[PDB]
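Here is the structure we will look at, set down as structure tokens.
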Amino acid sequence: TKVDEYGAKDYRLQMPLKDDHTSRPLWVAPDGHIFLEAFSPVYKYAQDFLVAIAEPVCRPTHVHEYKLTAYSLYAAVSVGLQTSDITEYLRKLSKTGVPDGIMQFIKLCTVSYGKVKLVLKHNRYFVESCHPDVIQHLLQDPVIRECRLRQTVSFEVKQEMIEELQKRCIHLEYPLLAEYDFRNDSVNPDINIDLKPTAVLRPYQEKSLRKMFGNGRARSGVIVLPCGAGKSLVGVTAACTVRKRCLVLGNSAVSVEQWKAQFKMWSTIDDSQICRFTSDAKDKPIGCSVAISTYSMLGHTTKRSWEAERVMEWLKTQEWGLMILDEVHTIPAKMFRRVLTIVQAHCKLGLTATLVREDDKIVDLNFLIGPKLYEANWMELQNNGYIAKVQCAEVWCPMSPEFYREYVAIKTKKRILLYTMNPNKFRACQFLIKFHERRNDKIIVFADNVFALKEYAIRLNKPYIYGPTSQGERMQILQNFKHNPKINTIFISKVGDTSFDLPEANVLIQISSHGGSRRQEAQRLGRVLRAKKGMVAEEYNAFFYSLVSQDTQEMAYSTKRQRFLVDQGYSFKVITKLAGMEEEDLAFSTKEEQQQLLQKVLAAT
Amino acid sequence: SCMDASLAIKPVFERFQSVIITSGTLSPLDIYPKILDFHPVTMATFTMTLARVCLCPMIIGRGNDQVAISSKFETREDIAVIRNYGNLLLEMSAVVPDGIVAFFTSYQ
Amino acid sequence: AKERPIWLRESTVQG
DNA sequence: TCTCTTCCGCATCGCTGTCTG
DNA sequence: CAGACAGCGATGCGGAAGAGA
């Protein structure tokens, strides 16, 4: 609240300093931001404690950055951490005390939890609460009565209005409890699903699962994990532990296919007990319990097919023990978020790898599903070898003179097709691919602009893939890339970042970018994170290039596009010039060649 | 087959005034009077004491996979448990000097 | 072998 | 004759862009 | 600045035409 002569807020008169400050490696700002030391001998103990109560926002190598909020604190109580259980240790760990504002905030957040509990039974949602006083003063707003369908006091609530009420209670200072007591539940018989000994659970995976299962009752929340970290395995394990009906929801045809393979590979459950509620193909969804479906079909808004209609009615009627939603970052979408209310589930676990977006709808994920249970440390995984180390880089490609003139001259937005297609980046990518091609490194180019992607591919006569590409040709190209030594590069369009199972690649060039989308960058980055059989963290075998054009709008997006990655700890190095580019022969080595491309670019319209 | 050993050993205890069953590696003495019907006079366990720790026993239950390694009848067929035993012997044989004996539970 | 490229090993900025 | 497989036609989302206030 | 509509590039779904037994 107090501002120094500079921008920083003043806290000299706010909180004191512990005499043994050096022993205590923890800081506590009044705003809730916390700065831990990654060099302290007791760093690990602090890391576990802070992660339990706070959600990371920046975890560079030396000094991590944690901020706590109401959602973060509620999760701590769910795992059994009381206000004194956390504040006492926080004061002990704090090297500068705890400001009263945080103290009262912690007290208010912890006490305002568990008073209101939401339980669904017999397809009816009852807002149970041991304390009756909470309900008495909770019915002041008229929305509650109209929302409601027309000790331990409970009342049934309308199915459709659950989401509206859930967000209302969050700002009402009375969060709802979504814990599932699968251990004590006889209404829905347990499913015959078991985890085979073959599956191996990594220490972070166990910790993420442990945080989800704070007590005998499973907690509904979001577990963010890298795609190469094996987030699919964790989802399977959670379903196996619940031992009740689970409805995994994908986002595309590829997503549903992989999940079924993951279930069979890691779960002993029989093949016949798994169904694919997919329009393209089905396996008698009503017949068995464990099902894999997609947001589009379940949330499909237009006319429903007769066969789908029966399945949809069957899904609505039944009650699901678990509702795994992979790629939760798309949930707050209008159609996608409707699926939450359409189906009934006790705890709706959420998995993903890039929990970031521009529109401030990510915060809704806290109430749409639950608090962010776990968010693995990408840097720590790199040290442990679970994830391939990446030498993130940003190759600056100076714009050719003529190209800039039209780019600056025109105030229209043809520039997206212009600065994405310039000779220097073309030579840069052409040179960059050539260097990696002779190094036996697998390349995965990317480009939002299909027009640029096709032009780059034909000139480099490489197997470019994109949306309307035939499925058969899509598989044929991938198989050659994985197997054929003669080919070690595939030019994938945006479809690559959506969902796929691609072979591990040593490098990932990105000539163009869709825009300032932290999702796409992290989505595309996860492709090379696939750990190799016998690599090492320090070898930096995996690389990532995000080619950009200097003095162009592309730079603004690139800096705005790397915010999420740097927060994890990745350092994006800049490369003004590439050694050996001049000696190596490359296309567009003469003014005429650039002129024809510019004319074609201008003729694009 | 007999069922209780007290029948055949009764004359030894009865005929002789005192019998001392001195043993090494004896599992707890309390069972023996139950198995063999006799009233013991002393029940003491003697612990070897030396200026140097001659013996350093250990028990290994968790493998490199942090997986339970119990040799249960139902767990006998598990390949991973068998893999842990082989790997432990390989590493142990590498460091252990000449002379090592491994005992199993059955020929099969 | 399998050594990192020059433009990644050291800064390529003219400084 | 089914049957599968495949191909148009709707609808949706990410992100940005345009347009008049 | 700002709210509504729209573009380019991706996705899903549901209604209609070729080989093959």
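By convention here, the chains of the structure tokens are called A, B, ... in the order presented, each chain's residues are numbered starting at 1, and ligands are numbered starting at 1 in the order presented.
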I need the residues of range 75-230 of chain A that end up classed as helix (DSSP H, G or I) by DSSP on the backbone, written out as a PyMOL selection string.
chain A and resi 75-78+83-93+100-111+132-138+142-147+162-171+203-212+227-229
Determine, counting only C-alpha atoms (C1' of nucleotides), which protein, DNA and RNA residues have an atom within 12 Å of an atom of residue 6 in chain E; residues of the same chain fewer than 4 positions away are not included. Present the result as an mmCIF file with N, CA and C atoms (P, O5', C5', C4', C3', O3' and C1' of nucleotides), in the first residue's frame.
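Result written to part-v8.cif:
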data_model
loop_
_atom_site.group_PDB
_atom_site.id
_atom_site.type_symbol
_atom_site.label_atom_id
_atom_site.label_comp_id
_atom_site.auth_asym_id
_atom_site.auth_seq_id
_atom_site.Cartn_x
_atom_site.Cartn_y
_atom_site.Cartn_z
ATOM 1 P P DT D 16 -3.652 -12.946 -29.652
ATOM 2 O "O5'" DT D 16 -4.083 -12.230 -31.014
ATOM 3 C "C5'" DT D 16 -3.523 -12.662 -32.247
ATOM 4 C "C4'" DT D 16 -4.365 -12.192 -33.419
ATOM 5 C "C3'" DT D 16 -4.538 -10.676 -33.513
ATOM 6 O "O3'" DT D 16 -3.788 -10.159 -34.603
ATOM 7 C "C1'" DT D 16 -6.612 -11.856 -33.893
ATOM 8 P P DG D 17 -3.739 -8.576 -34.873
ATOM 9 O "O5'" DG D 17 -5.019 -8.308 -35.793
ATOM 10 C "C5'" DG D 17 -5.250 -9.121 -36.938
ATOM 11 C "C4'" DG D 17 -6.504 -8.685 -37.672
ATOM 12 C "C3'" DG D 17 -6.724 -7.172 -37.721
ATOM 13 O "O3'" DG D 17 -7.102 -6.760 -39.029
ATOM 14 C "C1'" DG D 17 -8.614 -8.224 -36.763
ATOM 15 P P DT D 18 -7.208 -5.197 -39.386
ATOM 16 O "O5'" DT D 18 -8.783 -4.933 -39.484
ATOM 17 C "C5'" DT D 18 -9.566 -5.661 -40.421
ATOM 18 C "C4'" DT D 18 -11.017 -5.215 -40.386
ATOM 19 C "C3'" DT D 18 -11.224 -3.701 -40.371
ATOM 20 O "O3'" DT D 18 -12.329 -3.340 -41.195
ATOM 21 C "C1'" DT D 18 -12.218 -4.645 -38.446
ATOM 22 P P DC D 19 -12.538 -1.815 -41.658
ATOM 23 O "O5'" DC D 19 -14.118 -1.692 -41.905
ATOM 24 C "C5'" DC D 19 -15.036 -2.511 -41.171
ATOM 25 C "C4'" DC D 19 -15.820 -1.691 -40.161
ATOM 26 C "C3'" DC D 19 -15.280 -0.292 -39.908
ATOM 27 O "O3'" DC D 19 -15.778 0.683 -40.874
ATOM 28 C "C1'" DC D 19 -15.948 -1.381 -37.852
#
Using only C-alpha atoms (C1' of nucleotides), find each residue in chain E having at least one atom no more than 9 Å away from chain A; report its shortest atom-to-atom pair and that distance in Å (one decimal), rows by chain then rising number, as JSON lines.
{"residue": "E:8", "atom": "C1'", "partner": "A:449", "partner_atom": "CA", "distance": 8.5}
{"residue": "E:9", "atom": "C1'", "partner": "A:448", "partner_atom": "CA", "distance": 7.0}
{"residue": "E:10", "atom": "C1'", "partner": "A:495", "partner_atom": "CA", "distance": 6.0}
{"residue": "E:11", "atom": "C1'", "partner": "A:252", "partner_atom": "CA", "distance": 6.8}
{"residue": "E:12", "atom": "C1'", "partner": "A:296", "partner_atom": "CA", "distance": 5.2}
{"residue": "E:13", "atom": "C1'", "partner": "A:297", "partner_atom": "CA", "distance": 6.6}
{"residue": "E:14", "atom": "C1'", "partner": "A:305", "partner_atom": "CA", "distance": 7.4}
**Residues near residue 82 in chain A, cut-off 9 Å, only C-alpha atoms (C1' of nucleotides), skip fewer than 5 positions along chain, as a PyMOL selection string** = chain A and resi 76-77+87+110-111
Select residues of chain C: the criterion is any atom within 6 Å of an atom of chain A, counting only C-alpha atoms; output as a CSV table (one decimal) with C-alpha atoms, in the first residue's frame.
chain,number,residue,atom,x,y,z
C,7,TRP,CA,25.5,-20.3,-32.3
C,12,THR,CA,26.3,-14.6,-31.2
C,13,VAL,CA,25.6,-10.9,-30.2
Quick one: residues within 9 Å of residue 80 in chain B, only C-alpha atoms (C1' of nucleotides) counted, chain neighbours fewer than 5 positions away excluded, as a list in words?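 Answer for this query is residues 197 and 198 of chain A; 65, 67, 69 and 85 of chain B.
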> What gap, in Å, lies between CA of residue 470 in chain A and CA of residue 254 in chain A?
Replying inline: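 The value is 14.2 Å.
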Spatial neighbours of residue 84 in chain B, max dist 10 Å, only C-alpha atoms (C1' of nucleotides), sep filter under 6 positions, as an NGL selection string:
:B and (61-69 or 90)
Hey, can you spit out that residue selection with C-alpha atoms as an mmCIF file, in the first residue's frame?
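The result, stored in selection_17.cif:
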data_model
loop_
_atom_site.group_PDB
_atom_site.id
_atom_site.type_symbol
_atom_site.label_atom_id
_atom_site.label_comp_id
_atom_site.auth_asym_id
_atom_site.auth_seq_id
_atom_site.Cartn_x
_atom_site.Cartn_y
_atom_site.Cartn_z
ATOM 1 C CA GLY B 61 12.931 -55.023 0.502
ATOM 2 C CA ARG B 62 12.751 -52.181 -2.025
ATOM 3 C CA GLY B 63 14.358 -52.522 -5.441
ATOM 4 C CA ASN B 64 15.638 -49.867 -7.798
ATOM 5 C CA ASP B 65 11.980 -49.640 -8.874
ATOM 6 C CA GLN B 66 10.846 -49.048 -5.264
ATOM 7 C CA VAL B 67 8.645 -52.132 -5.685
ATOM 8 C CA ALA B 68 7.766 -54.659 -2.999
ATOM 9 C CA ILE B 69 10.120 -57.624 -3.373
ATOM 10 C CA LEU B 90 24.829 -58.789 -10.070
#
Pairwise distance, CA of residue 1 in chain C with CA of residue 443 in chain A, equals 19.2 Å
Excluding residue 42 in chain B and any residue of its chain fewer than 3 positions from it, enumerate the residues within 10 Å of it, using only C-alpha atoms (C1' of nucleotides), and give them as an NGL selection string.
-> :B and (20 or 39 or 45)
Preceding selection exported with N, CA, C and O atoms as a PDB file, in the first residue's frame:
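again_24.pdb, written as the output of this step:
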ATOM      1  N   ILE B  20      21.041 -79.659  28.667  1.00  0.00           N
ATOM      2  CA  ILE B  20      21.294 -78.310  28.179  1.00  0.00           C
ATOM      3  C   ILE B  20      21.261 -78.354  26.660  1.00  0.00           C
ATOM      4  O   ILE B  20      22.152 -78.932  26.028  1.00  0.00           O
ATOM      5  N   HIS B  39      10.320 -78.102  31.796  1.00  0.00           N
ATOM      6  CA  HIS B  39      10.295 -76.863  32.558  1.00  0.00           C
ATOM      7  C   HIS B  39      11.695 -76.264  32.579  1.00  0.00           C
ATOM      8  O   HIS B  39      12.537 -76.698  33.380  1.00  0.00           O
ATOM      9  N   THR B  45      19.478 -65.198  26.221  1.00  0.00           N
ATOM     10  CA  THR B  45      20.051 -65.070  24.887  1.00  0.00           C
ATOM     11  C   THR B  45      21.361 -64.306  25.010  1.00  0.00           C
ATOM     12  O   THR B  45      21.387 -63.198  25.557  1.00  0.00           O
TER      13      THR B  45
END
Chain D contacts to chain A at 10 Å (only C-alpha atoms (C1' of nucleotides)) as a short mmCIF file (atom, residue, chain, number, x, y, z; two decimals) with N, CA and C atoms (P, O5', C5', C4', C3', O3' and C1' of nucleotides), in the first residue's frame:
data_model
loop_
_atom_site.label_atom_id
_atom_site.label_comp_id
_atom_site.auth_asym_id
_atom_site.auth_seq_id
_atom_site.Cartn_x
_atom_site.Cartn_y
_atom_site.Cartn_z
P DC D 10 -24.78 -25.81 -45.53
"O5'" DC D 10 -25.05 -25.84 -43.95
"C5'" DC D 10 -24.13 -26.49 -43.11
"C4'" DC D 10 -24.72 -26.77 -41.74
"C3'" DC D 10 -24.57 -25.63 -40.74
"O3'" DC D 10 -25.64 -25.63 -39.79
"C1'" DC D 10 -23.09 -27.44 -40.18
P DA D 11 -25.82 -24.38 -38.80
"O5'" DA D 11 -24.70 -24.60 -37.67
"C5'" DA D 11 -24.95 -25.50 -36.60
"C4'" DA D 11 -23.68 -25.79 -35.80
"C3'" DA D 11 -23.06 -24.57 -35.10
"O3'" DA D 11 -23.31 -24.62 -33.69
"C1'" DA D 11 -21.42 -26.02 -36.10
P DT D 12 -22.84 -23.40 -32.75
"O5'" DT D 12 -21.29 -23.71 -32.45
"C5'" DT D 12 -20.93 -24.83 -31.65
"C4'" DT D 12 -19.42 -24.98 -31.55
"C3'" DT D 12 -18.68 -23.76 -30.99
"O3'" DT D 12 -18.37 -23.94 -29.61
"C1'" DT D 12 -17.51 -24.82 -32.82
P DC D 13 -17.69 -22.75 -28.77
"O5'" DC D 13 -16.14 -22.85 -29.13
"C5'" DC D 13 -15.40 -24.02 -28.77
"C4'" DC D 13 -13.91 -23.83 -29.01
"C3'" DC D 13 -13.33 -22.50 -28.50
"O3'" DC D 13 -12.07 -22.72 -27.87
"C1'" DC D 13 -12.92 -22.70 -30.83
P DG D 14 -11.39 -21.56 -26.99
"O5'" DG D 14 -9.83 -21.72 -27.32
"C5'" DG D 14 -9.42 -22.03 -28.64
"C4'" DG D 14 -8.04 -21.47 -28.93
"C3'" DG D 14 -7.74 -20.12 -28.30
"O3'" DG D 14 -6.35 -20.00 -27.99
"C1'" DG D 14 -8.05 -19.89 -30.68
P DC D 15 -5.84 -18.75 -27.12
"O5'" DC D 15 -5.68 -17.58 -28.19
"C5'" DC D 15 -4.64 -17.64 -29.14
"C4'" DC D 15 -4.88 -16.65 -30.26
"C3'" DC D 15 -5.01 -15.20 -29.83
"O3'" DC D 15 -3.77 -14.51 -29.99
"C1'" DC D 15 -6.53 -15.81 -31.60
P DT D 16 -3.65 -12.95 -29.65
"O5'" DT D 16 -4.08 -12.23 -31.01
"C5'" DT D 16 -3.52 -12.66 -32.25
"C4'" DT D 16 -4.36 -12.19 -33.42
"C3'" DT D 16 -4.54 -10.68 -33.51
"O3'" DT D 16 -3.79 -10.16 -34.60
"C1'" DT D 16 -6.61 -11.86 -33.89
P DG D 17 -3.74 -8.58 -34.87
"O5'" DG D 17 -5.02 -8.31 -35.79
"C5'" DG D 17 -5.25 -9.12 -36.94
"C4'" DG D 17 -6.50 -8.69 -37.67
"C3'" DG D 17 -6.72 -7.17 -37.72
"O3'" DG D 17 -7.10 -6.76 -39.03
"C1'" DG D 17 -8.61 -8.22 -36.76
#
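Distances here use only C-alpha atoms; by that measure, the residue among A:414, A:219, A:183, A:462 closest to residue 348 in chain A is A:219.
Of the listed residues (B:94, B:100, B:54, B:105), B:105 comes nearest to residue 71 in chain B; the distances count only C-alpha atoms.
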Selection near residue 21 in chain D, 12 Å with only C-alpha atoms (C1' of nucleotides), sequence-local residues under 5 positions removed, as a PDB file with C-alpha atoms (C1' of nucleotides), in the first residue's frame:
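Saved the output as result_18.pdb:
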ATOM      1  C1'  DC E   1     -10.506   2.565 -25.363  1.00  0.00           C
ATOM      2  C1'  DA E   2     -14.703  -0.473 -26.320  1.00  0.00           C
ATOM      3  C1'  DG E   3     -18.600  -4.276 -27.881  1.00  0.00           C
ATOM      4  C1'  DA E   4     -20.161  -6.704 -31.677  1.00  0.00           C
TER       5       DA E   4
END
